[PDB]
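A.B. asks: here is the input, now give the coordinates:
(one chain, ligands or ions: 4)
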Amino acid sequence: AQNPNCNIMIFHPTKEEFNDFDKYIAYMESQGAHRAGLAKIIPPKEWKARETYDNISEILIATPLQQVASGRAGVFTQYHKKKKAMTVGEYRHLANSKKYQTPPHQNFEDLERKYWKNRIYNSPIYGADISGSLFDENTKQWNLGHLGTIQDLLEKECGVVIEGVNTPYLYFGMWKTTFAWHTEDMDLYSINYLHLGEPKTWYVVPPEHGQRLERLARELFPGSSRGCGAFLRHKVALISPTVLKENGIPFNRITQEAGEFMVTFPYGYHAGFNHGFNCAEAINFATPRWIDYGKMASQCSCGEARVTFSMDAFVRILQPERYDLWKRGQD
Ligand SMILES: O=C(O)CNC(=O)C(=O)O
Ligand SMILES: [Mg+2]
Ligand code: NI
Ligand SMILES: [Zn+2]
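C.D. replies: Numbering: from 1, shown residues only. Ligands and ions are numbered 1, 2, ... in the order given. Shown next is the structure:
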């Protein structure tokens, strides 16, 4: 079995190997990359996502989210407070202000220590889930706006034609902006490209150990657990690496820098934080190996997680028994 310790693998494809996305994901899995739940892909030196970032300040963040923490340093929840719209130029100026900027630090490890010691005492503002793409339409390789769709994958594998579309989203981050512990909708893969700026630290639990994370989360957030059998779908729970170690949860960590891709694998729980002002683009995707994860994926039926038009059809075809009760939570 490849990668039995479930380490995060880092790949360095050639420009020739960067031409066929599906075949390279399949290659990564042949090397055991999926066992970690997360892999890093450094693009070939000749590749570029676009020519420059000079003209991005007029993108609008229509609903910036202030992330307000509650709890103890190692175990907290966050809620998202809606703020007034601002442009990317405005947001970058805010990220760089004395109140919100990245503090002095020695290295990524010192900064991680400061995050966990200090995250809960601050409320950073995140521009999340903005529909759109920063890939140049003439970038042919690994262009997240030109991938094959999950709906076409389901048609090719299962023969059924469904409604829905699959498009990318932009994330503008600042120091301490946080992604809570989650797997993707319907336990899909995700791919994430850090277009510019400061890094993003990721934590991940191997898919084969996801249930151990879930069990700890039920113990750590007991009221949440009673309210919904899949409350991690709400994307509000943070658990520090120290707390995971104290409870014997297997995980790994890695820092993504500008110009690198991360891929999350089906049922790979992940969480993390941004080091400073940055802009990432991400999209979900499927492969043939995903189908069985999609069939088994948990769902939020308390109604909090409230998900896309396209996810309907996935639940409808792959989880027909759930379909009824799940759409009661989504309507
Ligand atoms: O970039 C972020 O804030 C979070 N991204 C992901 O969870 C992802 O790409 O799967
Ligand atoms: Mg602009
Ligand atoms: Ni994710
Ligand atoms: Zn729920």
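A.B. asks: contact residues of this structure facing ligand 1?
C.D. replies: 171, 179, 184, 190, 192, 264, 270, 280, 282 (CB under 6 Å from any ligand atom). Any C-beta I mention is one placed from the backbone N, CA and C, and that applies to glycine too.
A.B. asks: quick one: which of those has the most company?
C.D. replies: Counting neighbours by other CB atoms under 10 Å, residue 264 leads those with 26 neighbours.
A.B. asks: surely that one is in contact with residue 190?
C.D. replies: Yes. Taking contacts as CB atoms under 8 Å, residue 264 lies within contact range of residue 190: 4.5 Å.
A.B. asks: which neighbours do those two have in common?
C.D. replies: residue 184 (CB atoms under 8 Å, 6 or more residues apart in numbering).
A.B. asks: dump the residue contacts of whichever residue of the chain sits closest to ligand 2.
C.D. replies: Per CB to the ion, residue 58 is where the chain lies closest to ligand 2, at 3.0 Å. Taking CB under 8 Å, 6+ apart, we find residue 58 in contact with 87, 88, 89.
A.B. asks: closest to residue 160 among the residues of the chain next to ligand 1?
C.D. replies: residue 184 (21.0 Å; CB to CB).
A.B. asks: enumerate every residue touching the closest residue to the closest one other than its chain neighbours.
C.D. replies: Spatial nearest neighbour of residue 184, excluding adjacent residues (CB to CB, 6 or more residues apart in numbering): residue 190 at 5.1 Å. If you count contacts by CB under 8 Å, 6+ apart, residue 190 has them with 184, 263, 264, 282, 283, 284, 285.
A.B. asks: which residues touch the third one?
C.D. replies: What that stands for is residue 264. Applying CB under 8 Å, 6+ apart, the residues near residue 264 are 37, 38, 183, 184, 189, 190, 191, 192, 204, 270.
A.B. asks: buried subset of the contacts of residue 58 as a PyMOL selection?
C.D. replies: Command for PyMOL, covering only those of the contacts of residue 58 found buried under the criterion 16 or more other CB atoms under 10 Å:
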select buried, resi 88
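A.B. asks: so where do the strands sit in the stretch 151-300 of the chain?
C.D. replies: 169-173, 178-182, 189-197, 200-205, 237-239, 252-256, 261-264, 269-274, 278-285 (DSSP state E, counting those that start in this stretch).
A.B. asks: any chance of those in a markdown table, with distance to ligand 4 too?
C.D. replies: Below are the strands of the stretch 151-300 of the chain laid out as a markdown table (distance: least, CB to the ion, whole Å):
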| stretch | distance to ligand 4 |
| --- | --- |
| strand 169-173 | 21 |
| strand 178-182 | 12 |
| strand 189-197 | 20 |
| strand 200-205 | 20 |
| strand 237-239 | 12 |
| strand 252-256 | 27 |
| strand 261-264 | 21 |
| strand 269-274 | 16 |
| strand 278-285 | 19 |
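A.B. asks: which SSE is residue 114 in?
C.D. replies: Here residue 114, judged by DSSP states H and E, is contained in helix 108-118.
A.B. asks: list the buried residues in that helix.
C.D. replies: Buried positions in helix 108-118, judged by neighbour count with 16+ other CB under 10 Å: 111, 112, 114, 115, 116.
A.B. asks: mind putting these into JSON lines with distance to ligand 4?
C.D. replies: Formatted as JSON lines, the buried residues of helix 108-118 follow (distance: CB to the ion, whole Å):
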{"residue": "111", "distance to ligand 4": "33"}
{"residue": "112", "distance to ligand 4": "30"}
{"residue": "114", "distance to ligand 4": "32"}
{"residue": "115", "distance to ligand 4": "27"}
{"residue": "116", "distance to ligand 4": "26"}
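A.B. asks: near ligand 2, which residues of the stretch 1-150 of the chain?
C.D. replies: Remark: the part of the stretch 1-150 of the chain in contact with ligand 2 comprises 56, 58, using CB under 5 Å from the ion.
A.B. asks: which residues in the stretch 1-150 of the chain form helices?
C.D. replies: 21-30, 88-95, 108-118, 150-158 (DSSP state H, counting those that start in this stretch).
A.B. asks: show me what the longest one is packed against.
C.D. replies: It refers to helix 108-118. Secondary-structure packing of helix 108-118 (3 or more CB pairs under 8 Å, 6 or more residues apart in numbering; DSSP states H and E): strand 200-205.
A.B. asks: export the strand it packs on as PDB, just CAs?
C.D. replies: Extracted in PDB, the C-alpha atoms of strand 200-205 (Å, rounded to 0.1, in the frame of the first residue of the first chain):
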ATOM      1  CA  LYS A 200      -2.400  29.700   4.100                       C
ATOM      2  CA  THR A 201      -1.700  27.000   6.700                       C
ATOM      3  CA  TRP A 202      -3.800  23.700   6.400                       C
ATOM      4  CA  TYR A 203      -4.500  20.900   8.900                       C
ATOM      5  CA  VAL A 204      -5.900  17.600   7.600                       C
ATOM      6  CA  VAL A 205      -7.000  14.300   9.000                       C
END
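A.B. asks: list the helices and strands it packs on?
C.D. replies: So strand 200-205, by 3+ CB pairs under 8 Å, 6+ apart, packs with helix 108-118, helix 241-246, strand 252-256, strand 269-274.
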